[PDB]
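Shown below: coords-v4.txt, with compact mmCIF, C-alpha atoms and all ligand atoms.
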# COMPACT_ATOMS: atom_id res chain seq x y z
CA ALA A 4 -22.02 20.66 125.84
CA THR A 5 -23.86 20.21 129.14
CA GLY A 6 -23.22 23.82 130.21
CA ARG A 7 -26.40 24.87 128.40
CA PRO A 8 -29.51 24.13 130.52
CA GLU A 9 -31.56 23.38 127.38
CA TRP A 10 -29.34 20.40 126.50
CA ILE A 11 -31.75 17.94 128.14
CA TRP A 12 -34.50 18.83 125.66
CA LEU A 13 -32.12 18.69 122.68
CA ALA A 14 -30.92 15.23 123.74
CA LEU A 15 -34.48 13.97 124.19
CA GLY A 16 -35.57 15.41 120.84
CA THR A 17 -32.52 13.82 119.22
CA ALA A 18 -33.43 10.43 120.70
CA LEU A 19 -37.12 10.68 119.81
CA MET A 20 -36.41 11.64 116.19
CA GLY A 21 -33.90 8.81 115.92
CA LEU A 22 -36.35 6.22 117.25
CA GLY A 23 -39.07 7.54 114.95
CA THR A 24 -36.77 7.23 111.94
CA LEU A 25 -35.92 3.63 112.81
CA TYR A 26 -39.57 2.71 113.40
CA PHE A 27 -40.75 4.06 110.04
CA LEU A 28 -37.74 2.43 108.37
CA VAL A 29 -38.45 -1.07 109.69
CA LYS A 30 -42.23 -0.57 109.21
CA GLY A 31 -41.61 0.33 105.54
CA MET A 32 -39.74 -2.96 104.86
CA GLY A 33 -41.63 -5.24 102.43
CA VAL A 34 -44.18 -2.62 101.34
CA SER A 35 -44.48 -3.17 97.59
CA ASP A 36 -47.40 -0.88 96.74
CA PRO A 37 -45.93 1.98 94.65
CA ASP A 38 -48.33 4.51 96.19
CA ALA A 39 -47.57 3.42 99.75
CA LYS A 40 -43.85 3.47 98.92
CA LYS A 41 -44.08 7.17 98.04
CA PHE A 42 -45.63 8.01 101.41
CA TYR A 43 -43.14 5.88 103.35
CA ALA A 44 -40.21 7.52 101.56
CA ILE A 45 -41.47 11.07 102.17
CA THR A 46 -42.51 10.42 105.77
CA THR A 47 -39.38 8.53 106.82
CA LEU A 48 -37.15 11.32 105.47
CA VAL A 49 -38.77 13.93 107.74
CA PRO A 50 -37.57 12.61 111.13
CA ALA A 51 -34.27 11.49 109.59
CA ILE A 52 -33.46 15.08 108.61
CA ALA A 53 -34.67 16.45 111.95
CA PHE A 54 -32.51 13.86 113.73
CA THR A 55 -29.33 15.20 112.14
CA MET A 56 -30.29 18.83 112.95
CA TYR A 57 -31.22 18.04 116.58
CA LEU A 58 -27.88 16.25 116.92
CA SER A 59 -26.03 19.27 115.51
CA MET A 60 -27.71 21.53 118.08
CA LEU A 61 -26.91 19.10 120.90
CA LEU A 62 -23.23 19.00 119.93
CA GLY A 63 -23.20 22.79 119.55
CA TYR A 64 -22.58 23.05 115.81
CA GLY A 65 -25.99 24.47 114.92
CA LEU A 66 -25.70 27.43 117.29
CA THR A 67 -24.45 30.97 116.71
CA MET A 68 -24.38 34.31 118.54
CA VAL A 69 -26.31 37.25 117.08
CA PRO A 70 -25.83 40.77 118.55
CA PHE A 71 -29.06 42.69 119.07
CA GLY A 72 -30.57 44.64 121.93
CA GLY A 73 -27.07 45.23 123.27
CA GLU A 74 -26.41 41.55 123.98
CA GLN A 75 -24.96 38.46 122.32
CA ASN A 76 -28.03 36.25 121.90
CA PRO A 77 -27.64 32.49 121.26
CA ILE A 78 -29.50 31.62 118.06
CA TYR A 79 -29.99 27.98 117.03
CA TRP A 80 -29.82 28.40 113.26
CA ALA A 81 -30.04 24.65 112.54
CA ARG A 82 -33.81 24.73 113.14
CA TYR A 83 -34.31 26.58 109.85
CA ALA A 84 -32.15 24.15 107.88
CA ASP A 85 -34.38 21.42 109.33
CA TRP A 86 -37.65 23.21 108.57
CA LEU A 87 -36.44 24.24 105.10
CA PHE A 88 -36.58 20.58 104.02
CA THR A 89 -39.12 18.96 106.37
CA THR A 90 -42.00 21.43 106.01
CA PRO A 91 -42.16 20.97 102.20
CA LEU A 92 -42.13 17.19 102.61
CA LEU A 93 -45.03 17.35 105.08
CA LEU A 94 -47.02 19.51 102.65
CA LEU A 95 -46.22 17.02 99.88
CA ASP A 96 -47.66 14.20 102.01
CA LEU A 97 -50.94 16.12 102.17
CA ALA A 98 -50.93 17.20 98.52
CA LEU A 99 -50.28 13.68 97.22
CA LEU A 100 -53.03 12.36 99.50
CA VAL A 101 -55.70 14.48 97.78
CA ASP A 102 -54.00 14.29 94.34
CA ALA A 103 -53.53 18.05 94.11
CA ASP A 104 -52.68 19.61 90.77
CA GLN A 105 -49.08 20.50 89.97
CA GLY A 106 -49.75 24.24 90.01
CA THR A 107 -51.18 24.13 93.53
CA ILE A 108 -48.19 22.13 94.81
CA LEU A 109 -45.69 24.64 93.41
CA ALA A 110 -47.57 27.47 95.14
CA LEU A 111 -47.46 25.69 98.51
CA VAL A 112 -43.77 24.77 98.33
CA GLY A 113 -42.80 28.22 97.05
CA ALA A 114 -44.70 29.96 99.84
CA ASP A 115 -43.23 27.50 102.34
CA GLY A 116 -39.70 28.31 101.18
CA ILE A 117 -40.41 32.02 101.57
CA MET A 118 -41.87 31.41 105.04
CA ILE A 119 -38.77 29.60 106.30
CA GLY A 120 -36.35 31.81 104.38
CA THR A 121 -37.68 35.08 105.78
CA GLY A 122 -37.86 33.46 109.21
CA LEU A 123 -34.14 32.74 108.94
CA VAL A 124 -33.33 36.32 107.92
CA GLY A 125 -35.33 37.65 110.86
CA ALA A 126 -33.47 35.28 113.17
CA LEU A 127 -30.08 36.68 112.10
CA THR A 128 -31.07 40.35 111.74
CA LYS A 129 -29.07 42.64 114.04
CA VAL A 130 -31.47 45.60 114.02
CA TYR A 131 -34.01 44.64 116.68
CA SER A 132 -37.06 46.35 115.15
CA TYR A 133 -36.37 44.84 111.71
CA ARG A 134 -36.61 41.33 113.19
CA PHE A 135 -40.39 41.75 113.50
CA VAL A 136 -40.76 42.95 109.90
CA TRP A 137 -39.41 39.61 108.69
CA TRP A 138 -41.59 37.79 111.23
CA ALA A 139 -44.66 39.50 109.77
CA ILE A 140 -43.78 38.59 106.18
CA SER A 141 -43.09 34.99 107.20
CA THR A 142 -46.41 34.78 109.06
CA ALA A 143 -48.30 36.14 106.05
CA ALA A 144 -46.78 33.34 103.95
CA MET A 145 -47.95 30.78 106.52
CA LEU A 146 -51.47 32.21 106.45
CA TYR A 147 -51.47 31.70 102.68
CA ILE A 148 -50.45 28.06 103.18
CA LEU A 149 -53.22 27.56 105.74
CA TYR A 150 -55.80 29.17 103.44
CA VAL A 151 -54.93 26.78 100.59
CA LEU A 152 -55.20 23.72 102.84
CA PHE A 153 -58.76 24.77 103.80
CA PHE A 154 -60.26 26.44 100.70
CA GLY A 155 -58.43 24.35 98.11
CA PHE A 156 -57.71 20.82 99.30
CA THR A 157 -60.74 20.24 101.53
CA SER A 158 -63.03 20.94 98.57
CA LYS A 159 -61.26 18.21 96.54
CA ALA A 160 -60.71 15.63 99.29
CA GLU A 161 -64.47 15.33 99.87
CA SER A 162 -64.85 14.04 96.28
CA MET A 163 -62.36 11.19 96.82
CA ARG A 164 -62.33 7.80 98.51
CA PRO A 165 -63.88 8.03 102.01
CA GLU A 166 -60.74 6.71 103.71
CA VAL A 167 -58.71 9.38 101.90
CA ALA A 168 -61.04 12.24 102.87
CA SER A 169 -61.17 11.16 106.52
CA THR A 170 -57.39 10.82 106.88
CA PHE A 171 -56.74 14.16 105.16
CA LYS A 172 -59.22 16.05 107.34
CA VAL A 173 -57.52 14.65 110.45
CA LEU A 174 -54.00 15.49 109.23
CA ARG A 175 -55.16 18.91 108.04
CA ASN A 176 -56.57 19.70 111.49
CA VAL A 177 -53.39 18.50 113.20
CA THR A 178 -51.28 20.56 110.79
CA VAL A 179 -53.23 23.79 111.30
CA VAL A 180 -53.04 23.64 115.10
CA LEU A 181 -49.38 22.66 115.36
CA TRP A 182 -48.00 24.96 112.66
CA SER A 183 -49.81 28.01 114.06
CA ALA A 184 -47.94 27.64 117.37
CA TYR A 185 -44.49 28.13 115.80
CA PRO A 186 -44.75 31.89 115.03
CA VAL A 187 -46.10 32.46 118.55
CA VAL A 188 -43.20 30.63 120.23
CA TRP A 189 -40.74 32.56 118.06
CA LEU A 190 -42.35 35.91 118.88
CA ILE A 191 -42.29 35.52 122.68
CA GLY A 192 -39.05 33.51 122.73
CA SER A 193 -35.38 34.42 122.57
CA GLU A 194 -35.58 35.34 118.88
CA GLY A 195 -38.31 37.92 119.48
CA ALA A 196 -39.47 39.71 122.62
CA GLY A 197 -37.53 37.43 124.98
CA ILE A 198 -40.38 36.91 127.45
CA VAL A 199 -39.82 33.13 127.69
CA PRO A 200 -36.27 31.92 128.49
CA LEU A 201 -34.37 29.78 126.02
CA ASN A 202 -34.60 26.56 128.03
CA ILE A 203 -38.41 26.72 128.07
CA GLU A 204 -38.52 27.73 124.40
CA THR A 205 -36.41 24.70 123.49
CA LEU A 206 -38.84 22.50 125.42
CA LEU A 207 -41.78 23.97 123.48
CA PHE A 208 -40.21 23.47 120.05
CA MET A 209 -39.23 19.91 120.96
CA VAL A 210 -42.82 18.94 121.82
CA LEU A 211 -44.04 20.62 118.63
CA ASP A 212 -41.36 19.12 116.36
CA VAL A 213 -41.90 15.55 117.57
CA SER A 214 -45.69 15.87 117.25
CA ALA A 215 -45.53 17.43 113.78
CA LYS A 216 -42.99 14.94 112.37
CA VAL A 217 -43.30 11.64 114.31
CA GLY A 218 -46.87 12.06 115.54
CA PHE A 219 -47.96 13.21 112.08
CA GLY A 220 -46.20 10.19 110.58
CA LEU A 221 -47.85 7.70 112.93
CA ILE A 222 -51.34 8.82 111.88
CA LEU A 223 -50.59 8.71 108.15
CA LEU A 224 -48.63 5.46 107.84
CA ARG A 225 -51.31 3.55 109.81
CA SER A 226 -54.11 4.61 107.45
CA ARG A 227 -55.33 2.59 104.48
CA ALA A 228 -55.47 5.80 102.40
CA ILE A 229 -51.81 5.41 101.38
CA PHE A 230 -52.51 2.14 99.52
CA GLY A 231 -54.18 1.92 96.14
CA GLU A 232 -57.68 0.49 95.84
CA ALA A 233 -56.84 -3.09 94.86
CA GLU A 234 -58.52 -6.48 95.09
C1 LIG B 1 -48.40 13.37 126.34
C2 LIG B 1 -47.43 13.15 127.52
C3 LIG B 1 -46.47 14.35 127.63
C4 LIG B 1 -47.18 15.56 128.28
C5 LIG B 1 -46.11 16.60 128.70
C6 LIG B 1 -46.28 17.92 127.89
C7 LIG B 1 -45.44 19.01 128.60
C8 LIG B 1 -45.38 20.32 127.78
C9 LIG B 1 -45.66 21.51 128.74
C10 LIG B 1 -44.97 22.65 128.82
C11 LIG B 1 -44.69 24.06 129.42
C12 LIG B 1 -43.65 23.94 130.56
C13 LIG B 1 -43.84 25.14 131.53
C14 LIG B 1 -42.76 25.14 132.65
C15 LIG B 1 -42.72 26.57 133.27
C16 LIG B 1 -41.41 26.82 134.06
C17 LIG B 1 -41.10 28.34 133.92
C18 LIG B 1 -40.34 28.89 135.15
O1 LIG B 1 -40.56 28.46 136.24
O2 LIG B 1 -39.39 29.93 134.98
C19 LIG B 1 -39.80 30.88 134.01
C20 LIG B 1 -39.01 32.19 134.15
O3 LIG B 1 -39.07 32.64 135.46
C21 LIG B 1 -39.63 33.23 133.21
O4 LIG B 1 -40.90 33.60 133.69
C1 LIG B 2 -29.71 5.60 116.38
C2 LIG B 2 -30.42 5.82 115.02
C3 LIG B 2 -30.31 7.32 114.63
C4 LIG B 2 -31.45 7.70 113.65
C5 LIG B 2 -31.24 7.05 112.26
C6 LIG B 2 -30.08 7.76 111.51
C7 LIG B 2 -30.62 8.49 110.25
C8 LIG B 2 -29.45 8.78 109.27
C9 LIG B 2 -29.12 7.48 108.50
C10 LIG B 2 -29.61 7.07 107.32
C11 LIG B 2 -30.48 7.24 106.03
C12 LIG B 2 -31.25 5.92 105.78
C13 LIG B 2 -32.38 6.04 104.71
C14 LIG B 2 -33.35 7.24 104.92
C15 LIG B 2 -34.35 7.23 103.73
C16 LIG B 2 -35.67 6.54 104.17
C17 LIG B 2 -36.55 6.31 102.91
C18 LIG B 2 -37.26 4.93 102.96
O1 LIG B 2 -36.87 4.08 103.70
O2 LIG B 2 -38.36 4.67 102.11
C19 LIG B 2 -38.63 3.30 101.91
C20 LIG B 2 -39.22 3.08 100.51
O3 LIG B 2 -40.28 2.18 100.59
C21 LIG B 2 -38.12 2.50 99.61
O4 LIG B 2 -38.56 2.50 98.27
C1 LIG B 3 -36.21 15.54 98.85
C2 LIG B 3 -35.09 16.53 99.22
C3 LIG B 3 -34.10 15.85 100.21
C4 LIG B 3 -33.14 16.92 100.80
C5 LIG B 3 -31.95 16.22 101.51
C6 LIG B 3 -31.06 17.29 102.19
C7 LIG B 3 -30.79 16.90 103.67
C8 LIG B 3 -29.43 17.49 104.14
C9 LIG B 3 -29.33 17.39 105.69
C10 LIG B 3 -28.37 17.89 106.47
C11 LIG B 3 -27.04 18.66 106.73
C12 LIG B 3 -27.31 20.19 106.83
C13 LIG B 3 -25.95 20.93 106.73
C14 LIG B 3 -26.16 22.41 106.31
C15 LIG B 3 -24.79 23.03 105.93
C16 LIG B 3 -24.49 24.30 106.77
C17 LIG B 3 -22.96 24.58 106.72
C18 LIG B 3 -22.69 26.09 106.81
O1 LIG B 3 -23.05 26.82 105.94
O2 LIG B 3 -22.01 26.61 107.94
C19 LIG B 3 -21.44 27.89 107.75
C20 LIG B 3 -20.30 28.10 108.75
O3 LIG B 3 -19.26 27.22 108.44
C21 LIG B 3 -20.79 27.81 110.18
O4 LIG B 3 -21.73 28.79 110.56
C1 LIG B 4 -56.63 32.96 107.18
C2 LIG B 4 -57.28 31.71 106.54
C3 LIG B 4 -56.78 30.43 107.25
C4 LIG B 4 -57.48 30.27 108.62
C5 LIG B 4 -56.65 29.34 109.55
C6 LIG B 4 -57.04 29.62 111.04
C7 LIG B 4 -55.79 29.55 111.96
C8 LIG B 4 -55.40 30.99 112.39
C9 LIG B 4 -54.21 30.93 113.38
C10 LIG B 4 -53.10 31.71 113.42
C11 LIG B 4 -52.18 32.84 112.88
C12 LIG B 4 -50.99 33.07 113.83
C13 LIG B 4 -51.32 34.25 114.80
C14 LIG B 4 -50.04 34.63 115.61
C15 LIG B 4 -50.15 36.11 116.07
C16 LIG B 4 -49.93 36.23 117.61
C17 LIG B 4 -49.50 37.68 117.95
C18 LIG B 4 -50.17 38.14 119.26
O1 LIG B 4 -51.35 38.28 119.30
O2 LIG B 4 -49.38 38.42 120.40
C19 LIG B 4 -49.99 39.31 121.31
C20 LIG B 4 -48.99 39.72 122.40
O3 LIG B 4 -47.83 40.21 121.80
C21 LIG B 4 -48.64 38.51 123.27
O4 LIG B 4 -49.38 38.56 124.47
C1 LIG B 5 -41.13 20.48 111.64
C2 LIG B 5 -42.44 20.96 112.03
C3 LIG B 5 -43.16 22.02 111.60
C4 LIG B 5 -44.66 22.05 111.77
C5 LIG B 5 -42.49 23.28 111.38
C6 LIG B 5 -43.09 24.46 111.14
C7 LIG B 5 -42.48 25.74 111.21
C8 LIG B 5 -43.09 26.94 111.02
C9 LIG B 5 -44.54 27.06 110.68
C10 LIG B 5 -42.35 28.16 111.29
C11 LIG B 5 -42.83 29.40 111.22
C12 LIG B 5 -42.21 30.72 111.45
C13 LIG B 5 -42.91 31.84 111.18
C14 LIG B 5 -44.09 31.91 110.26
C15 LIG B 5 -42.58 33.15 111.84
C16 LIG B 5 -41.37 33.07 112.74
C17 LIG B 5 -40.29 32.20 112.12
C18 LIG B 5 -40.75 30.75 111.92
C19 LIG B 5 -39.83 30.11 110.88
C20 LIG B 5 -40.59 30.04 113.26
How would this structure read if it were set down as structure tokens?
Ligand SMILES: CCCCCCCC/C=C/CCCCCCCC(=O)OC[C@H](O)CO
Ligand SMILES: CCCCCCCC/C=C\CCCCCCCC(=O)OC[C@H](O)CO
Ligand SMILES: CCCCCCCC/C=C\CCCCCCCC(=O)OC[C@H](O)CO
Ligand SMILES: CCCCCCCC/C=C\CCCCCCCC(=O)OC[C@H](O)CO
Ligand SMILES: *C\C=C(C)/C=C/C=C(C)/C=C/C1=C(C)CCCC1(C)C
Amino acid sequence: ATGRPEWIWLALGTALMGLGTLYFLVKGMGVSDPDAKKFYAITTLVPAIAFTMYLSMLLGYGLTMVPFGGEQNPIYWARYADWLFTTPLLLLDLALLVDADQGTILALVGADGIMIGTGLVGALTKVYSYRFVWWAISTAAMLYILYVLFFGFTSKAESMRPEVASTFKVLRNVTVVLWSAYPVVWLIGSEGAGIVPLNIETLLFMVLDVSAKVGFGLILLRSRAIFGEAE
């Protein structure tokens, strides 16, 4: 599996997601607060899922060849199986933090599923020009998600416990910056215009994935906002 130059970044991402999973797992031992237990369960599952998908890419299972532009292009499809389950869980962490209504949550998860789903179709589309149609629809779904997090949650977090509002605003800022980089990497990477080579693209996604899953988890699980206000 070492014939692919990007293997070094897949192995490092695999290791980092594995160590993050174990850290959150041990850290969650003994926590009895029901509210904190919810956040630990959601947040520990995120790197655990990504660990299995990074391992599958390292071993070569999560890779396929897609013909477009007159060439057989290597497409790591396992990323979308990862994101299909981890991006909803990350949104749920934010929504539960601000106690969002059930209707708003369904809208976020539904739009998230469309965003990843259309991204997958664009990744496997064989007509080159059609790949960017799916990219545009996926990006429009992400912009809807970002809009809700700003003009829907922020207005309700400010009316909550101060520790909750401060942690949400930090995680919301982190989320907006990191998530917005994904469509850009896709567009200029091997899946899109092919300006950046695959080995560099893999490096970019690895830094983003670890930050958005482990880094995001470190900020949340160290806050007092996940525990109920008790004496
Ligand atoms: C916090 C501690 C960790 C901090 C570390 C964060 C590093 C992330 C930086 C990445 C971009 C890497 C850019 C490397 C560019 C090499 C490209 C190259 O030389 O070939 C390109 C090819 O010719 C086509 O133009
Ligand atoms: C080298 C290590 C590689 C990386 C590790 C391999 C990951 C795959 C294995 C196991 C799933 C274990 C459980 C995952 C679910 C975590 C949920 C949790 O622990 O939540 C605690 C909550 O407080 C309770 O009520
Ligand atoms: C709260 C919700 C929790 C959700 C927990 C779910 C986590 C499942 C994780 C991983 C395995 C992913 C395996 C995906 C199966 C792909 C197999 C396939 O279709 O391969 C086709 C063909 O054989 C080859 O290209
Ligand atoms: C809308 C309400 C919520 C506001 C939230 C603010 C965050 C906005 C950020 C990003 C969208 C992603 C933009 C990605 C489009 C990049 C395409 C591009 O410009 O590429 C040019 C050229 O092809 C290469 O040199
Ligand atoms: C696991 C970490 C996070 C933050 C994953 C986020 C992924 C996305 C925001 C992906 C977006 C895409 C779009 C909108 C357009 C191209 C296809 C993608 C699925 C990469």
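The coordinates place atom CA of residue A:133 at 25.9 Å from atom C20 of ligand LIG 1 (chain B).
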Rows by chain and residue number, stretch 209-230 of chain A within 12 Å of stretch 187-205 of chain A, shortest pair, only C-alpha atoms, as CSV:
residue,atom,partner,partner_atom,distance
A:209,CA,A:205,CA,6.1
A:210,CA,A:205,CA,8.8
A:211,CA,A:205,CA,9.9
A:212,CA,A:205,CA,10.3
Per residue of chain A within 9 Å of ligand LIG 5 (chain B), record the nearest atom pair and its distance in Å to one decimal, counting all atoms listed in the file, with rows in chain order and ascending residue number, as a tab-separated table.
residue	atom	partner	partner_atom	distance
A:49	CA	B:LIG5	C1	8.0
A:50	CA	B:LIG5	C1	8.7
A:53	CA	B:LIG5	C1	7.6
A:82	CA	B:LIG5	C19	8.4
A:83	CA	B:LIG5	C19	6.6
A:85	CA	B:LIG5	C1	7.2
A:86	CA	B:LIG5	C1	5.4
A:87	CA	B:LIG5	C7	8.7
A:88	CA	B:LIG5	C1	8.9
A:89	CA	B:LIG5	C1	5.8
A:90	CA	B:LIG5	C5	5.7
A:93	CA	B:LIG5	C4	8.2
A:115	CA	B:LIG5	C9	8.5
A:118	CA	B:LIG5	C14	5.7
A:119	CA	B:LIG5	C19	4.7
A:120	CA	B:LIG5	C19	7.6
A:121	CA	B:LIG5	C17	7.4
A:122	CA	B:LIG5	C17	4.0
A:123	CA	B:LIG5	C19	6.6
A:125	CA	B:LIG5	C17	7.5
A:126	CA	B:LIG5	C17	7.6
A:135	CA	B:LIG5	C16	8.8
A:137	CA	B:LIG5	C15	7.9
A:138	CA	B:LIG5	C15	4.8
A:139	CA	B:LIG5	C15	7.0
A:140	CA	B:LIG5	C14	7.8
A:141	CA	B:LIG5	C14	4.5
A:142	CA	B:LIG5	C14	3.9
A:143	CA	B:LIG5	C14	7.3
A:144	CA	B:LIG5	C14	7.0
A:145	CA	B:LIG5	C14	5.5
A:146	CA	B:LIG5	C14	8.3
A:178	CA	B:LIG5	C4	6.9
A:179	CA	B:LIG5	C4	8.8
A:181	CA	B:LIG5	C4	6.0
A:182	CA	B:LIG5	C9	4.5
A:183	CA	B:LIG5	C9	6.3
A:184	CA	B:LIG5	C9	7.5
A:185	CA	B:LIG5	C10	5.0
A:186	CA	B:LIG5	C15	4.1
A:187	CA	B:LIG5	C16	7.5
A:188	CA	B:LIG5	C20	7.5
A:189	CA	B:LIG5	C16	5.4
A:190	CA	B:LIG5	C16	6.8
A:194	CA	B:LIG5	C16	8.7
A:195	CA	B:LIG5	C16	8.8
A:208	CA	B:LIG5	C2	8.7
A:211	CA	B:LIG5	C2	6.8
A:212	CA	B:LIG5	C2	4.8
A:213	CA	B:LIG5	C1	7.8
A:214	CA	B:LIG5	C2	8.0
A:215	CA	B:LIG5	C2	5.0
A:216	CA	B:LIG5	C1	5.9
Q. Can you tell me, as a PyMOL selection string, what residues are no more than 12 Å from residue A:20 when counting only C-alpha atoms, ignoring any on the same chain fewer than 2 positions away?
A. chain A and resi 13-18+22-27+47-58+209-210+212-218+220
Write the residues you've just listed into a file as a JSON list (two decimals), in the coordinates of the input, and include C-alpha atoms for each of them.
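Saved file out.json follows:
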[["chain", "number", "residue", "atom", "x", "y", "z"],
["A", 13, "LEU", "CA", -32.12, 18.69, 122.68],
["A", 14, "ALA", "CA", -30.92, 15.23, 123.74],
["A", 15, "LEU", "CA", -34.48, 13.97, 124.19],
["A", 16, "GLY", "CA", -35.57, 15.41, 120.84],
["A", 17, "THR", "CA", -32.52, 13.82, 119.22],
["A", 18, "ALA", "CA", -33.43, 10.43, 120.70],
["A", 22, "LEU", "CA", -36.35, 6.22, 117.25],
["A", 23, "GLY", "CA", -39.07, 7.54, 114.95],
["A", 24, "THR", "CA", -36.77, 7.23, 111.94],
["A", 25, "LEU", "CA", -35.92, 3.63, 112.81],
["A", 26, "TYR", "CA", -39.57, 2.71, 113.40],
["A", 27, "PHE", "CA", -40.75, 4.06, 110.04],
["A", 47, "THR", "CA", -39.38, 8.53, 106.82],
["A", 48, "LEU", "CA", -37.15, 11.32, 105.47],
["A", 49, "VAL", "CA", -38.77, 13.93, 107.74],
["A", 50, "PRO", "CA", -37.57, 12.61, 111.13],
["A", 51, "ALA", "CA", -34.27, 11.49, 109.59],
["A", 52, "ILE", "CA", -33.46, 15.08, 108.61],
["A", 53, "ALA", "CA", -34.67, 16.45, 111.95],
["A", 54, "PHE", "CA", -32.51, 13.86, 113.73],
["A", 55, "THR", "CA", -29.33, 15.20, 112.14],
["A", 56, "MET", "CA", -30.29, 18.83, 112.95],
["A", 57, "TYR", "CA", -31.22, 18.04, 116.58],
["A", 58, "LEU", "CA", -27.88, 16.25, 116.92],
["A", 209, "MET", "CA", -39.23, 19.91, 120.96],
["A", 210, "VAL", "CA", -42.82, 18.94, 121.82],
["A", 212, "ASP", "CA", -41.36, 19.12, 116.36],
["A", 213, "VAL", "CA", -41.90, 15.55, 117.57],
["A", 214, "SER", "CA", -45.69, 15.87, 117.25],
["A", 215, "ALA", "CA", -45.53, 17.43, 113.78],
["A", 216, "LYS", "CA", -42.99, 14.94, 112.37],
["A", 217, "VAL", "CA", -43.30, 11.64, 114.31],
["A", 218, "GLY", "CA", -46.87, 12.06, 115.54],
["A", 220, "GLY", "CA", -46.20, 10.19, 110.58]]
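Counting from atom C2 of ligand LIG 3 (chain B), the distance to atom CA of residue A:60 is 20.9 Å.
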Q. In terms of the shortest atom-to-atom distance over all atoms listed in the file, which of A:176, A:76, A:226, A:132 is closest to ligand LIG 4 (chain B)?
A. A:176
Q. For residue A:154, which of A:113, A:107, A:42, A:64 is the closest residue, counting all atoms listed in the file?
A. A:107
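In this comparison, which uses only C-alpha atoms and all ligand atoms, the residue of A:6, A:91, A:222, A:43 approaching ligand LIG 3 (chain B) most closely is A:91.
Remark: for ligand LIG 3 (chain B), the closest of the candidate residues A:95, A:39, A:149, A:223 is A:95 (distances computed over only C-alpha atoms and all ligand atoms).
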Q: Determine, counting all atoms listed in the file, which protein, DNA and RNA residues have an atom within 10 Å of an atom of stretch 163-175 of chain A; residues of the same chain fewer than 2 positions away are not included. Present the result as a PyMOL selection string.
A: chain A and resi 94+96-98+100-102+149+152-153+156-161+177-180+215+219-220+222-223+225-230+232
Q: Find, counting all atoms listed in the file, the residue in A:19, A:92, A:61, A:111 that gets nearest to residue A:41.
A: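 Residue with the minimum atom-to-atom distance to residue A:41: A:92.
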Q) So how many Å separate atom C1 of ligand LIG 3 (chain B) and atom CA of residue A:103, to one decimal? A) 18.1 Å
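With only C-alpha atoms as the basis for measurement, A:231 is the residue among A:8, A:231, A:117, A:84 that approaches residue A:36 most closely.
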Box along x, y and z, 3 Å on every side, all listed atoms of stretch 168-180 of chain A inside: centre and edge lengths in Å to one decimal, as AutoDock Vina command-line options.
--center_x -56.2 --center_y 17.3 --center_z 109.0 --size_x 15.9 --size_y 19.0 --size_z 18.2
